[PDB]
Every structure is written in C-alpha cells, then in structure tokens.
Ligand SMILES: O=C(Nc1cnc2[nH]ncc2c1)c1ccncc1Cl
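Below you'll find only one chain, the form solved without the named molecule, shown as structure tokens.
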C-alpha cells in the first residue's frame, strides 16, 4: 500500500524512523493515533505536534468532546476527526509514569488499537510520558493483532529499538 520504507518486526507490526506528522500528511491514513492525555490537552510531544499541524482544529474539537463527555480514563480512547492528517484520529491515553500512573495500563491502552484494521501510531507512553520505549514496543507486539505502522522520531532510539528487538 502507501506505507513505504518500514522495517517488518512481526506479522503485523512495522517500524520506521519518521516524523508521524510528515508521515500522516504523505499517507493520509484511515487512522492516526495520538498520544493523548485524559483532558485532551494537546500541548506537547506527539499531541502538540499533531494539533499544530491541524492549525488547532484538533484542540477545538477536543474541548467540545471534553465539555460533553468529561475526561478519558488512563488506558482509554476516543475516536475523533483526523482533520487534514487522516480520516480519523484515535486519541489513546497511555500511563504517564512521571505522574505515578500504573504502567500495567499500557496494555489496556494498546488494546484499543485492535478495534481498527490499520493504524499509523507512535509508541505509547514513550517520550514525555516517561516509560521505557523498549518496554512499550514489547507490549505493542504482544498486544496488538491488527496492522500497526510505528513512527519513531528519534533516530538513535529507532536504532536501539531495532537492534534490541527480541
């Protein structure tokens, strides 16, 4: 299909060193995953980058969602518009280890991916959420059964994830 340049890790998990924003703009996937928080406040990390690329439309939509439905749970998700990036955005809340949230909820977070056949996604709970990216990749592989294309921004981290994969 339109996903190009990925390394195959398993039957269903693929990985690339790429900026998820630039990869979404090129591919226009059906589903892009956002690394959200429970308030859908898209300030930094992946969320801030995705929101910026939508010219803040993602944040306006998200504020309406929260006003109607209240916060998400850690491990939970919602499906909103993908704006100019994708058909849909799956906002998924992984645990934030810097807030003391339970790392076991990472598995629950990845289970949300199984409701969608194909996804472009970041590693959940990595980056500013404080979890070990090697662990996040392992949980992903062991949990997700649908086709997931992972975009890893940092080249040094990408190389470490590939070279330590087991």
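Numbering follows the first chain given and starts at 1.
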Q: Taking the mean of the C-alpha B-factors per stretch from the entry, tell me the winner out of 128-136 and 24-32.
A: 24-32
**Q.** Average Cα temperature factor in the PDB entry - higher stretch of 143-151, 15-23
**A.** 15-23
Q: Just grab whichever of 108, 68, 115, 51 has the top CA B-factor as deposited.
A: 68
Q | residue 87 by Cα B-factor - lowest, middle or highest third of the modelled chain | A | highest
Q: Ordered by C-alpha B-factor within the chain, which third holds residue 59? Give me lowest, middle or highest, please.
A: lowest
Q: Taking the chain's C-alpha temperature factors as the reference, tell me which third residue 45 falls into: lowest, middle or highest.
A: middle
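There is also a form solved in complex with the named molecule; it is not shown, and the following applies to it.
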**Q.** Contact of residue 46 with the named molecule in the bound PDB entry (heavy atom, 4.5 Å)
**A.** yes
Q: Check whether residue 153 has any heavy atom within 4.5 Å of a heavy atom of the named molecule in the bound PDB entry, and answer yes or no.
A: yes
Q) Is there a heavy atom of residue 21 no more than 4.5 Å from a heavy atom of the named molecule in the bound PDB entry? A) yes
Q. At the 4.5 Å heavy atom threshold, is residue 53 in contact with the named molecule in the bound PDB entry?
A. yes
